[PDB]
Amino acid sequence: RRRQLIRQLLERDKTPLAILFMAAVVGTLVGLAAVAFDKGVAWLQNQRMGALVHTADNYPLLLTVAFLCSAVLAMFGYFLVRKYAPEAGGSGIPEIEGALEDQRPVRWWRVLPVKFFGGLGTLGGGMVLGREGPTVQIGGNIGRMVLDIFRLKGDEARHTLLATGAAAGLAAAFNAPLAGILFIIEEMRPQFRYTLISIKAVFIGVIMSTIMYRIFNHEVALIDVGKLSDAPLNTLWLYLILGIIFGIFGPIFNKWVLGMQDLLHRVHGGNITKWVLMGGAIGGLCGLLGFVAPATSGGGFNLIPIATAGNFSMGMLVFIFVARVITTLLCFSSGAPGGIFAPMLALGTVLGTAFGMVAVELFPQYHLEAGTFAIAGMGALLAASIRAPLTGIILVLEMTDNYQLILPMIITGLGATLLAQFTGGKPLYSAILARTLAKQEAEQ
């Protein structure tokens, strides 16, 4: 096999020009799609806000049209999924992950409109869900779409273009190109066997997607924390302790989101009507909370810079955390179209800040800024629950631009994954696919 390796080495990295070009197309489409989705979610959230100002006097009435506006939008989302594409419920990343194992179908003709407009309802209603979920699944299906349209034959194309789609999808959701590619090569790709996924091609899609996003969202960052303070070497041991904290909470939050899927299933039993209604109730709750305590609802991107800057009180952080643990499970486990990826950034930033506050008072000699522990913990729930530390770390780096905290970020992230493993926890995205795959056999 030495003679084969010599053949293989000399023929390394020669991605078929057809695949490379189609990667540029997939990315461009996924980009525009992810942009349009983002524009749509924003608009609906703005319309709801204008409505509350049509009734800004009568508080109980205003408390109602907040609920209703989100309730209806949620119902419309749950319905689009339960009727035309049951696979577009939940994150969508587990499904695209199953597609890469050739174990789950890629019904783009159905999911593309269902996920887009379905998430548009849930997200636009102000439910605690993320854009990645939709954009990654949409992105994958878009990648699959142009594979079928142009009829590109071969395993490489079906795996690549599907991957570049998912990557261009995560990238455009966060303006994080590197994090997109890294998500594919750390988490998304087939984890237990060799694959023919051209990284160079995945790149091209990610580029075009990112470029598209920059064309429509330039000069405003999703998260602006600003340059924080450095982290001394004698400070590092604190970030490991934080990781160990995320490390034991990770699997717990995992059991919850899974178990809550079970618990909420009984509420509707699988029936499209009880489910849509339950969705509207959950959706309406967020729209309500999105006015009476907006930090307990929504994507959470807004409270991240606030928490990092240390403008929240310890009690408020505890409130925001617990209240968001609740509104996250209720929104994701219900089966609503939307990722859990981004709301886990807000959950980490808060929990991290909390640690940072205690750390500040306990060691004035370290001259601590609690915001460093916020950034350290930001991609730590990802590290602990999703078990993709490298992606989370690079993501947070791409969003917060505080590279001088890379050691705290890596240490906390790795401490998370280690204790996540050692405490009998599993990658949330693969634990979902397993549940989905095994049910596909269970009912046989």
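Residue numbers here begin at 1 and follow the sequence given.
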Completion exercise
Stretch with higher mean Cα temperature factor, 254 to 262 vs 201 to 209, is 254 to 262
Handout entry: Between 49 to 57 and 371 to 379 (mean CA B-factor, as deposited), the higher
Key = 49 to 57
Problem - Among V65, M399, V30, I393 - the residue whose C-alpha B-factor is largest in the record - result: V65
Handout entry: Residue of maximum C-alpha B factor among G143, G118, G154, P177, per deposited coordinates
Key = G154
Exercise for the section: Could you tell me which third, lowest, middle or highest, the C-alpha B-factor of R107 occupies within its chain? Expected result: middle
Practice task
Grab the CA temperature factor for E361 from the record and place it in the lowest, middle or highest third of its chain.
Solution key: highest
Exercise for the section: Would you mind ranking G338 by its C-alpha B-factor against the rest of the chain and naming the third, lowest, middle or highest? Expected result: middle
Exercise for the section: Could you tell me which third, lowest, middle or highest, the C-alpha B-factor of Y239 occupies within its chain? Expected result: lowest
Exercise for the section: Could you tell me which third, lowest, middle or highest, the C-alpha B-factor of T327 occupies within its chain? Expected result: lowest
